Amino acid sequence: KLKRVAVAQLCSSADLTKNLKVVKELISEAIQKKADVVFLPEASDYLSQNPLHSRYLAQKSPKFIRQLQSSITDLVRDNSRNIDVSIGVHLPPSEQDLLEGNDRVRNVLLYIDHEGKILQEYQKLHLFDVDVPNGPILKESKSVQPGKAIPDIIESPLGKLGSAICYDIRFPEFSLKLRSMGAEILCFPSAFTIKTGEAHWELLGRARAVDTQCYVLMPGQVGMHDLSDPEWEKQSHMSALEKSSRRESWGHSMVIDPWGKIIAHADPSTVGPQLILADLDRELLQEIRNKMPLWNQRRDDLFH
């Protein structure tokens, strides 16, 4: 009656090859621990130094993904056991995007099944354009093009999955829509800031969980990112002065039940890659919804 989920925490560099190794190891560990699906953070392929760097690295992501698809099938074959993978990546703009003068990268959550088949590419809807309190001005929209579609509910081994990315968590109407469409589980793969993480990360996960009566999965980037890329730095004629980076992610990856209880949480004693596991209870989810029938009580006559 229980379904096992794995949630991964990691620290993306600008080196896709090294990031892939980490990703493959975590998927391998997830199959070992008999997780039905493994969830990895936003930007698990790479993080970049600036908007031009991002577009450069996005050109390498199709290869990363093809290699990942192969790694999944290899791992499924060798372990005699299925697993599905949800993972944040970037993708280059399409020909039509370019025709329309849009050369920004797509911030994409991939769902890949045990056969290495891509079932969904969810393009991030709400982009992180924020002045961080006691921190930098961040404008995701300079590097990333916003999505134009609400992601379909995924029939995963765990149950009905609603997909979202990072900043998406802050717009409750999105999570409300996902539940309305039939979601039982929401995910928010993220590269979340320290300053906003300390304040809101746990609050937002728990809020979305209780709002929607869904399990909430929170795969987060952690630690100080090594964004070094000597070959690109050479190509773009960058001075050592412009080379430096101190980008840092909140981590605190967790799983939350439909009542807002944290049932799994990352170990704070490491800033390296780690996996957390949780057993999801459909009976508990159904009980909670029965006892407090929020979706039978909404005022559609006034809102929406």
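Counting begins at 1, following the sequence as shown.
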| item | value |
| --- | --- |
| 196-204 set against 67-75, stretch whose average Cα temperature factor tops the other in the entry | 67-75 |
| Residue stretch of maximal mean CA temperature factor, 129-137 vs 109-117 | 129-137 |
| Top Cα B factor in the deposited entry, candidates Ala58, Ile263, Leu52, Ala240 | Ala240 |
| Largest Cα B-factor, entry values, listed residues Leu294, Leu280, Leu10, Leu16 | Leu280 |
| Ranked against its chain, the third holding the CA B-factor of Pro62 | middle |
| Third of the chain's Cα B-factor distribution that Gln235 belongs to, per the entry | middle |
| Cα B factor band for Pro92 (lowest, middle or highest third within the chain) | middle |
| Ranked against its chain, the third holding the CA B-factor of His225 | middle |
| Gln213 - which third its CA temperature factor falls in, relative to the rest of the chain | lowest |
